[PDB]
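What follows is the content of query29.cif (mmCIF, N, CA and C atoms).
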```cif
data_final
loop_
_atom_site.label_atom_id
_atom_site.label_comp_id
_atom_site.auth_asym_id
_atom_site.auth_seq_id
_atom_site.Cartn_x
_atom_site.Cartn_y
_atom_site.Cartn_z
N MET A 1 102.49 58.82 -3.70
CA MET A 1 102.39 57.57 -4.51
C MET A 1 103.66 56.71 -4.42
N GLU A 2 104.66 57.16 -3.65
CA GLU A 2 105.91 56.41 -3.50
C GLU A 2 106.69 56.81 -2.23
N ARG A 3 107.37 55.84 -1.62
CA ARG A 3 108.23 56.08 -0.45
C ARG A 3 109.57 55.33 -0.59
N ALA A 4 110.64 55.96 -0.11
CA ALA A 4 111.98 55.35 -0.12
C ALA A 4 112.21 54.45 1.11
N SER A 5 111.14 53.80 1.58
CA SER A 5 111.21 52.93 2.76
C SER A 5 111.62 51.49 2.38
N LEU A 6 112.49 51.37 1.38
CA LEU A 6 112.89 50.07 0.84
C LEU A 6 113.76 49.28 1.84
N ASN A 7 113.26 48.14 2.28
CA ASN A 7 114.01 47.21 3.14
C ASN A 7 113.58 45.77 2.86
N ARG A 8 114.55 44.92 2.49
CA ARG A 8 114.25 43.55 2.03
C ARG A 8 114.83 42.48 2.98
N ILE A 9 115.41 42.91 4.10
CA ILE A 9 116.09 41.98 5.02
C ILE A 9 115.30 41.76 6.33
N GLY A 10 115.09 40.49 6.68
CA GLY A 10 114.42 40.15 7.94
C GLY A 10 115.27 39.23 8.82
N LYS A 11 114.69 38.73 9.91
CA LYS A 11 115.41 37.85 10.84
C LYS A 11 114.57 36.61 11.20
N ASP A 12 115.24 35.51 11.57
CA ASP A 12 114.57 34.27 11.97
C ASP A 12 114.03 34.36 13.42
N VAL A 13 113.18 35.35 13.69
CA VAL A 13 112.62 35.56 15.03
C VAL A 13 111.09 35.65 15.00
N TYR A 14 110.43 34.95 15.92
CA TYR A 14 108.96 34.92 16.00
C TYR A 14 108.46 35.46 17.34
N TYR A 15 107.19 35.86 17.40
CA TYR A 15 106.60 36.44 18.61
C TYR A 15 105.20 35.85 18.90
N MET A 16 104.97 35.43 20.14
CA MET A 16 103.72 34.73 20.52
C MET A 16 103.06 35.39 21.76
N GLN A 17 101.76 35.13 21.98
CA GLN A 17 101.08 35.65 23.18
C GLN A 17 100.37 34.52 23.96
N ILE A 18 100.44 34.58 25.29
CA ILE A 18 99.83 33.54 26.16
C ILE A 18 98.30 33.67 26.23
N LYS A 19 97.59 32.61 25.84
CA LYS A 19 96.12 32.58 25.90
C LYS A 19 95.61 31.71 27.06
N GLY A 20 96.26 30.57 27.29
CA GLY A 20 95.87 29.67 28.37
C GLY A 20 97.02 28.79 28.86
N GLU A 21 96.71 27.71 29.58
CA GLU A 21 97.73 26.82 30.13
C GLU A 21 97.32 25.33 30.06
N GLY A 22 96.41 24.92 30.94
CA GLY A 22 96.05 23.51 31.08
C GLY A 22 95.54 22.85 29.79
N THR A 23 96.47 22.40 28.95
CA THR A 23 96.12 21.75 27.67
C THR A 23 96.75 20.35 27.57
N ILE A 24 95.91 19.33 27.37
CA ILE A 24 96.39 17.94 27.27
C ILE A 24 96.07 17.33 25.89
N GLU A 25 96.98 16.51 25.38
CA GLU A 25 96.75 15.74 24.16
C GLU A 25 97.24 14.30 24.33
N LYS A 26 96.33 13.34 24.21
CA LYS A 26 96.65 11.94 24.53
C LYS A 26 97.21 11.18 23.31
N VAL A 27 98.52 10.94 23.32
CA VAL A 27 99.19 10.19 22.25
C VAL A 27 99.73 8.85 22.78
N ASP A 28 99.56 7.77 21.99
CA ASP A 28 99.95 6.41 22.42
C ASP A 28 99.20 5.98 23.69
N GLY A 29 98.02 6.55 23.91
CA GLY A 29 97.26 6.28 25.13
C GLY A 29 97.82 7.00 26.35
N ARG A 30 98.76 7.92 26.11
CA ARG A 30 99.43 8.67 27.18
C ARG A 30 99.13 10.17 27.07
N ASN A 31 98.75 10.79 28.18
CA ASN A 31 98.38 12.21 28.20
C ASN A 31 99.62 13.12 28.19
N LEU A 32 99.84 13.81 27.07
CA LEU A 32 100.95 14.76 26.95
C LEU A 32 100.50 16.19 27.27
N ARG A 33 101.39 16.98 27.86
CA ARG A 33 101.08 18.37 28.22
C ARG A 33 101.81 19.36 27.29
N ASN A 34 101.07 19.96 26.36
CA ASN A 34 101.66 20.87 25.37
C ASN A 34 100.85 22.17 25.24
N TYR A 35 101.47 23.21 24.70
CA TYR A 35 100.82 24.52 24.53
C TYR A 35 100.83 24.96 23.06
N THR A 36 99.64 25.24 22.51
CA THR A 36 99.52 25.71 21.11
C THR A 36 98.99 27.15 21.06
N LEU A 37 99.84 28.08 20.62
CA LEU A 37 99.48 29.50 20.62
C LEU A 37 99.81 30.18 19.28
N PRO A 38 99.08 31.27 18.94
CA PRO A 38 99.34 32.05 17.72
C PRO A 38 100.63 32.89 17.82
N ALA A 39 101.34 33.01 16.70
CA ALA A 39 102.59 33.77 16.67
C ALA A 39 102.67 34.68 15.43
N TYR A 40 103.66 35.56 15.41
CA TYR A 40 103.93 36.42 14.25
C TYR A 40 105.44 36.57 14.05
N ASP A 41 105.91 36.52 12.81
CA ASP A 41 107.33 36.75 12.52
C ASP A 41 107.64 38.26 12.50
N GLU A 42 108.90 38.61 12.25
CA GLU A 42 109.34 40.02 12.25
C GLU A 42 108.54 40.88 11.25
N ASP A 43 108.07 40.28 10.16
CA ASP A 43 107.28 41.01 9.16
C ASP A 43 105.80 41.12 9.60
N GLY A 44 105.42 40.31 10.59
CA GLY A 44 104.07 40.38 11.15
C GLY A 44 103.09 39.39 10.53
N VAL A 45 103.60 38.44 9.74
CA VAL A 45 102.74 37.43 9.11
C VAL A 45 102.32 36.37 10.14
N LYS A 46 101.03 36.05 10.18
CA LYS A 46 100.49 35.16 11.21
C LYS A 46 101.07 33.74 11.14
N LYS A 47 101.35 33.18 12.31
CA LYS A 47 101.90 31.83 12.46
C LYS A 47 101.17 31.10 13.60
N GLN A 48 101.37 29.79 13.69
CA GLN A 48 100.83 29.01 14.81
C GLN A 48 101.85 27.98 15.30
N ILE A 49 102.33 28.14 16.54
CA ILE A 49 103.42 27.32 17.06
C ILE A 49 103.04 26.61 18.37
N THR A 50 103.52 25.38 18.53
CA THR A 50 103.26 24.58 19.75
C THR A 50 104.56 24.32 20.53
N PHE A 51 104.59 24.75 21.79
CA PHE A 51 105.78 24.55 22.64
C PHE A 51 105.44 23.75 23.91
N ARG A 52 106.47 23.39 24.68
CA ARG A 52 106.28 22.63 25.92
C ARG A 52 107.35 23.01 26.96
N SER A 53 107.00 22.89 28.24
CA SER A 53 107.92 23.20 29.34
C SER A 53 109.05 22.17 29.43
N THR A 54 110.28 22.60 29.12
CA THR A 54 111.45 21.71 29.19
C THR A 54 112.03 21.65 30.61
N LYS A 55 113.05 20.82 30.81
CA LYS A 55 113.71 20.71 32.12
C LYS A 55 114.49 21.99 32.47
N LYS A 56 114.59 22.90 31.50
CA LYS A 56 115.29 24.18 31.68
C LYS A 56 114.33 25.28 32.15
N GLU A 57 113.03 25.02 32.09
CA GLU A 57 112.03 26.06 32.30
C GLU A 57 111.39 26.02 33.70
N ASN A 58 111.59 27.09 34.45
CA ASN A 58 110.92 27.28 35.75
C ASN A 58 109.47 27.74 35.55
N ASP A 59 108.61 27.44 36.52
CA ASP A 59 107.20 27.82 36.45
C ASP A 59 106.99 29.28 36.92
N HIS A 60 105.75 29.61 37.32
CA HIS A 60 105.38 30.95 37.81
C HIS A 60 105.23 31.97 36.67
N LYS A 61 106.15 31.95 35.70
CA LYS A 61 106.09 32.88 34.57
C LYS A 61 104.94 32.53 33.60
N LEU A 62 104.99 33.09 32.38
CA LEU A 62 103.95 32.90 31.38
C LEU A 62 102.63 33.54 31.84
N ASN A 63 102.58 34.86 31.73
CA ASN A 63 101.42 35.64 32.16
C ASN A 63 100.37 35.72 31.05
N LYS A 64 99.11 35.40 31.38
CA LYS A 64 98.02 35.37 30.39
C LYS A 64 97.67 36.79 29.90
N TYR A 65 98.56 37.34 29.08
CA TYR A 65 98.43 38.68 28.48
C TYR A 65 99.80 39.13 27.94
N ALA A 66 100.86 38.60 28.55
CA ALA A 66 102.24 38.91 28.17
C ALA A 66 102.61 38.26 26.83
N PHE A 67 103.76 38.66 26.28
CA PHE A 67 104.19 38.19 24.97
C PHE A 67 105.40 37.26 25.06
N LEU A 68 105.72 36.60 23.95
CA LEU A 68 106.82 35.64 23.88
C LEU A 68 107.68 35.90 22.64
N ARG A 69 108.92 35.47 22.71
CA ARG A 69 109.88 35.64 21.62
C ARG A 69 110.55 34.29 21.32
N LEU A 70 110.30 33.75 20.13
CA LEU A 70 110.78 32.41 19.78
C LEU A 70 111.96 32.47 18.81
N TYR A 71 113.02 31.76 19.14
CA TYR A 71 114.24 31.72 18.33
C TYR A 71 114.32 30.42 17.53
N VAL A 72 114.41 30.54 16.21
CA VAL A 72 114.59 29.38 15.34
C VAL A 72 115.96 29.44 14.63
N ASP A 73 116.60 28.29 14.49
CA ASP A 73 117.95 28.22 13.91
C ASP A 73 117.89 27.69 12.47
N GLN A 74 118.92 27.99 11.69
CA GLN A 74 118.96 27.61 10.28
C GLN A 74 119.56 26.20 10.13
N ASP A 75 118.90 25.35 9.34
CA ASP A 75 119.26 23.93 9.19
C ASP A 75 120.78 23.71 9.01
N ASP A 76 121.40 24.52 8.16
CA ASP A 76 122.86 24.54 8.03
C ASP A 76 123.39 25.87 8.58
N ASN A 77 123.84 25.86 9.83
CA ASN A 77 124.28 27.09 10.51
C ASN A 77 125.62 27.60 9.96
N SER A 78 126.60 26.70 9.85
CA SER A 78 127.95 27.08 9.39
C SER A 78 128.80 25.85 9.04
N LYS A 79 129.19 25.09 10.06
CA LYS A 79 130.05 23.91 9.88
C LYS A 79 129.29 22.60 10.13
N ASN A 80 128.27 22.65 10.98
CA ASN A 80 127.51 21.45 11.35
C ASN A 80 126.32 21.22 10.41
N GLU A 81 126.21 20.00 9.90
CA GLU A 81 125.11 19.61 9.00
C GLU A 81 123.76 19.61 9.73
N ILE A 82 123.78 19.25 11.01
CA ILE A 82 122.56 19.24 11.83
C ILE A 82 122.43 20.53 12.65
N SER A 83 121.25 21.14 12.61
CA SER A 83 120.97 22.36 13.39
C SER A 83 119.50 22.42 13.80
N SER A 84 119.17 23.35 14.68
CA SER A 84 117.81 23.46 15.22
C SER A 84 116.87 24.16 14.23
N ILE A 85 116.40 23.41 13.23
CA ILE A 85 115.47 23.94 12.22
C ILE A 85 114.10 24.26 12.86
N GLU A 86 113.86 23.68 14.03
CA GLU A 86 112.67 23.97 14.83
C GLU A 86 113.01 24.95 15.97
N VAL A 87 112.00 25.42 16.70
CA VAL A 87 112.20 26.42 17.77
C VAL A 87 113.19 25.91 18.84
N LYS A 88 114.35 26.56 18.92
CA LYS A 88 115.42 26.13 19.84
C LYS A 88 115.24 26.73 21.25
N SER A 89 114.64 27.92 21.33
CA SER A 89 114.41 28.60 22.62
C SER A 89 113.30 29.65 22.52
N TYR A 90 112.79 30.10 23.67
CA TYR A 90 111.79 31.17 23.71
C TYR A 90 112.06 32.14 24.88
N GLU A 91 111.47 33.33 24.81
CA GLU A 91 111.70 34.39 25.80
C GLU A 91 110.39 35.14 26.13
N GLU A 92 110.15 35.44 27.40
CA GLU A 92 108.94 36.18 27.80
C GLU A 92 109.21 37.70 27.75
N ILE A 93 108.40 38.42 26.97
CA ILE A 93 108.65 39.84 26.69
C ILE A 93 107.38 40.71 26.80
N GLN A 94 107.58 42.02 26.63
CA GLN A 94 106.48 42.99 26.65
C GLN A 94 106.23 43.54 25.23
N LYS A 95 105.17 44.34 25.07
CA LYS A 95 104.83 44.92 23.76
C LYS A 95 105.98 45.79 23.20
N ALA A 96 106.79 46.34 24.10
CA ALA A 96 107.94 47.17 23.70
C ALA A 96 109.01 46.36 22.93
N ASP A 97 109.17 45.08 23.27
CA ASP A 97 110.14 44.21 22.58
C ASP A 97 109.66 43.86 21.16
N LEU A 98 108.36 43.98 20.93
CA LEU A 98 107.76 43.67 19.63
C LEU A 98 108.07 44.77 18.60
N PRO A 99 108.42 44.40 17.36
CA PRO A 99 108.57 45.37 16.27
C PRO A 99 107.23 46.03 15.89
N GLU A 100 107.29 47.21 15.28
CA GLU A 100 106.09 48.01 14.99
C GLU A 100 104.97 47.21 14.31
N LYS A 101 105.32 46.37 13.35
CA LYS A 101 104.32 45.59 12.63
C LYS A 101 103.64 44.55 13.54
N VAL A 102 104.46 43.81 14.29
CA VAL A 102 103.96 42.74 15.17
C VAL A 102 103.03 43.26 16.27
N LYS A 103 103.43 44.34 16.95
CA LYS A 103 102.62 44.91 18.03
C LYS A 103 101.20 45.27 17.55
N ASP A 104 101.10 45.85 16.35
CA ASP A 104 99.80 46.15 15.74
C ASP A 104 99.04 44.87 15.36
N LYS A 105 99.78 43.81 14.99
CA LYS A 105 99.16 42.52 14.64
C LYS A 105 98.53 41.83 15.86
N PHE A 106 99.06 42.09 17.05
CA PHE A 106 98.49 41.55 18.29
C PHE A 106 97.31 42.39 18.79
N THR A 107 97.49 43.71 18.86
CA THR A 107 96.47 44.60 19.43
C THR A 107 95.36 44.95 18.42
N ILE A 108 95.64 44.75 17.13
CA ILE A 108 94.68 45.08 16.06
C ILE A 108 94.30 46.59 16.11
N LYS A 109 95.29 47.43 16.39
CA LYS A 109 95.11 48.89 16.48
C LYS A 109 94.11 49.30 17.59
N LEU A 110 93.88 48.42 18.56
CA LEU A 110 92.91 48.69 19.62
C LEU A 110 93.44 49.70 20.66
N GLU A 111 94.76 49.75 20.82
CA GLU A 111 95.40 50.66 21.79
C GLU A 111 95.89 51.96 21.10
#
```

Could you express the structure from this file as structure tokens?
Amino acid sequence: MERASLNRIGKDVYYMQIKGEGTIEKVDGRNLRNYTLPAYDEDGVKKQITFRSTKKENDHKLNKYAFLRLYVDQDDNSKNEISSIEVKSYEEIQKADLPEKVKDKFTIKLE
């Protein structure tokens, strides 16, 4: 009826999975190329995030089954008033990089 598994500290890190690619959204009469995929934070709570290929991102990667790791920064980091309150970077990873809660949130205990 009780466990000493008390932990109240988390991190500003999210995890996403690749579902598709060719997605267009026409804004101002102009066709934009963006990606909208489901994500989970370190606690495993469901999220939905939209990213895009920057001038820093090479192609070929992003495997339709592989996972992603999204880094978000805190609005006031330390000395600078302006910071990356939105997703500053992302990383392509495997199920092993995922925390125990998140991995189960993706596979739904299927494996």

Closest to residue 71 of chain A among A:32, A:102, A:108, A:39, using only C-alpha atoms?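 Ranking A:32, A:102, A:108, A:39 by distance to residue 71 of chain A, first place goes to A:39.
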
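The space separating atom N of residue 46 of chain A from atom C of residue 95 of chain A comes to 17.0 Å.
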
Show me, as a compact mmCIF listing (two decimals) with N, CA and C atoms, in the coordinates of the input, the residues that have an atom within 10 Å of residue 74 of chain A when counting only C-alpha atoms, minus same-chain residues fewer than 4 positions from it.
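So the final result, stored in selection.txt, reads:
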```txt
# COMPACT_ATOMS: atom_id res chain seq x y z
N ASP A 12 115.24 35.51 11.57
CA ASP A 12 114.57 34.27 11.97
C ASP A 12 114.03 34.36 13.42
N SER A 78 126.60 26.70 9.85
CA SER A 78 127.95 27.08 9.39
C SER A 78 128.80 25.85 9.04
N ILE A 82 123.78 19.25 11.01
CA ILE A 82 122.56 19.24 11.83
C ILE A 82 122.43 20.53 12.65
N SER A 83 121.25 21.14 12.61
CA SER A 83 120.97 22.36 13.39
C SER A 83 119.50 22.42 13.80
N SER A 84 119.17 23.35 14.68
CA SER A 84 117.81 23.46 15.22
C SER A 84 116.87 24.16 14.23
N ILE A 85 116.40 23.41 13.23
CA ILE A 85 115.47 23.94 12.22
C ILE A 85 114.10 24.26 12.86
N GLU A 86 113.86 23.68 14.03
CA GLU A 86 112.67 23.97 14.83
C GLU A 86 113.01 24.95 15.97
```

Which residues would end up in the selection if the PyMOL selection byres (((chain A and resi 69 and name CA) around 12) and name CA) were applied here, given that I need the answer as a PyMOL selection string? chain A and resi 12-18+38-42+49+51+62+66-68+70-72+87-99+102

Output N, CA and C atoms for every residue in the selection just made, as a short mmCIF file (atom, residue, chain, number, x, y, z; two decimals), in the frame of the given file.
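So selection-v8.cif came out as:
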```cif
data_model
loop_
_atom_site.label_atom_id
_atom_site.label_comp_id
_atom_site.auth_asym_id
_atom_site.auth_seq_id
_atom_site.Cartn_x
_atom_site.Cartn_y
_atom_site.Cartn_z
N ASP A 12 115.24 35.51 11.57
CA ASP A 12 114.57 34.27 11.97
C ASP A 12 114.03 34.36 13.42
N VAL A 13 113.18 35.35 13.69
CA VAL A 13 112.62 35.56 15.03
C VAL A 13 111.09 35.65 15.00
N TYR A 14 110.43 34.95 15.92
CA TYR A 14 108.96 34.92 16.00
C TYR A 14 108.46 35.46 17.34
N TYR A 15 107.19 35.86 17.40
CA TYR A 15 106.60 36.44 18.61
C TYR A 15 105.20 35.85 18.90
N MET A 16 104.97 35.43 20.14
CA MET A 16 103.72 34.73 20.52
C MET A 16 103.06 35.39 21.76
N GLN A 17 101.76 35.13 21.98
CA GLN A 17 101.08 35.65 23.18
C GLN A 17 100.37 34.52 23.96
N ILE A 18 100.44 34.58 25.29
CA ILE A 18 99.83 33.54 26.16
C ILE A 18 98.30 33.67 26.23
N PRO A 38 99.08 31.27 18.94
CA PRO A 38 99.34 32.05 17.72
C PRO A 38 100.63 32.89 17.82
N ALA A 39 101.34 33.01 16.70
CA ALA A 39 102.59 33.77 16.67
C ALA A 39 102.67 34.68 15.43
N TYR A 40 103.66 35.56 15.41
CA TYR A 40 103.93 36.42 14.25
C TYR A 40 105.44 36.57 14.05
N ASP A 41 105.91 36.52 12.81
CA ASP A 41 107.33 36.75 12.52
C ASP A 41 107.64 38.26 12.50
N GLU A 42 108.90 38.61 12.25
CA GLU A 42 109.34 40.02 12.25
C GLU A 42 108.54 40.88 11.25
N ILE A 49 102.33 28.14 16.54
CA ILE A 49 103.42 27.32 17.06
C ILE A 49 103.04 26.61 18.37
N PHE A 51 104.59 24.75 21.79
CA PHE A 51 105.78 24.55 22.64
C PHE A 51 105.44 23.75 23.91
N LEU A 62 104.99 33.09 32.38
CA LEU A 62 103.95 32.90 31.38
C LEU A 62 102.63 33.54 31.84
N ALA A 66 100.86 38.60 28.55
CA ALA A 66 102.24 38.91 28.17
C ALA A 66 102.61 38.26 26.83
N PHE A 67 103.76 38.66 26.28
CA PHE A 67 104.19 38.19 24.97
C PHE A 67 105.40 37.26 25.06
N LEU A 68 105.72 36.60 23.95
CA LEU A 68 106.82 35.64 23.88
C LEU A 68 107.68 35.90 22.64
N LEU A 70 110.30 33.75 20.13
CA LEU A 70 110.78 32.41 19.78
C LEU A 70 111.96 32.47 18.81
N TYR A 71 113.02 31.76 19.14
CA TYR A 71 114.24 31.72 18.33
C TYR A 71 114.32 30.42 17.53
N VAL A 72 114.41 30.54 16.21
CA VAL A 72 114.59 29.38 15.34
C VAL A 72 115.96 29.44 14.63
N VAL A 87 112.00 25.42 16.70
CA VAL A 87 112.20 26.42 17.77
C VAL A 87 113.19 25.91 18.84
N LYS A 88 114.35 26.56 18.92
CA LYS A 88 115.42 26.13 19.84
C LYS A 88 115.24 26.73 21.25
N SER A 89 114.64 27.92 21.33
CA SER A 89 114.41 28.60 22.62
C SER A 89 113.30 29.65 22.52
N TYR A 90 112.79 30.10 23.67
CA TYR A 90 111.79 31.17 23.71
C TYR A 90 112.06 32.14 24.88
N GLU A 91 111.47 33.33 24.81
CA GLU A 91 111.70 34.39 25.80
C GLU A 91 110.39 35.14 26.13
N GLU A 92 110.15 35.44 27.40
CA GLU A 92 108.94 36.18 27.80
C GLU A 92 109.21 37.70 27.75
N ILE A 93 108.40 38.42 26.97
CA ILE A 93 108.65 39.84 26.69
C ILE A 93 107.38 40.71 26.80
N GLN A 94 107.58 42.02 26.63
CA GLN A 94 106.48 42.99 26.65
C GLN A 94 106.23 43.54 25.23
N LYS A 95 105.17 44.34 25.07
CA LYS A 95 104.83 44.92 23.76
C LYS A 95 105.98 45.79 23.20
N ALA A 96 106.79 46.34 24.10
CA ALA A 96 107.94 47.17 23.70
C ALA A 96 109.01 46.36 22.93
N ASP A 97 109.17 45.08 23.27
CA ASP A 97 110.14 44.21 22.58
C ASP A 97 109.66 43.86 21.16
N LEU A 98 108.36 43.98 20.93
CA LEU A 98 107.76 43.67 19.63
C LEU A 98 108.07 44.77 18.60
N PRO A 99 108.42 44.40 17.36
CA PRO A 99 108.57 45.37 16.27
C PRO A 99 107.23 46.03 15.89
N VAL A 102 104.46 43.81 14.29
CA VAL A 102 103.96 42.74 15.17
C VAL A 102 103.03 43.26 16.27
#
```

Every residue of segment 8-98 of chain A that DSSP places in strand (DSSP E or B), as a ChimeraX atom specification: /A:13-17,24-27,30-33,35-41,46-51,67-72,87-93

Quick check, in Å to one decimal: how far apart do atom CA of residue 35 of chain A and atom CA of residue 55 of chain A lie? 15.4 Å

Between atom C of residue 109 of chain A and atom CA of residue 64 of chain A, what distance in Å does the model show, to one decimal? 19.3 Å

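When only C-alpha atoms are used to compute distances to residue 63 of chain A, the closest of the residues A:21, A:9, A:111, A:30 turns out to be A:21.
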
When distances are computed from only C-alpha atoms, which of A:101, A:52, A:19, A:47 shows the smallest separation from residue 34 of chain A? A:52
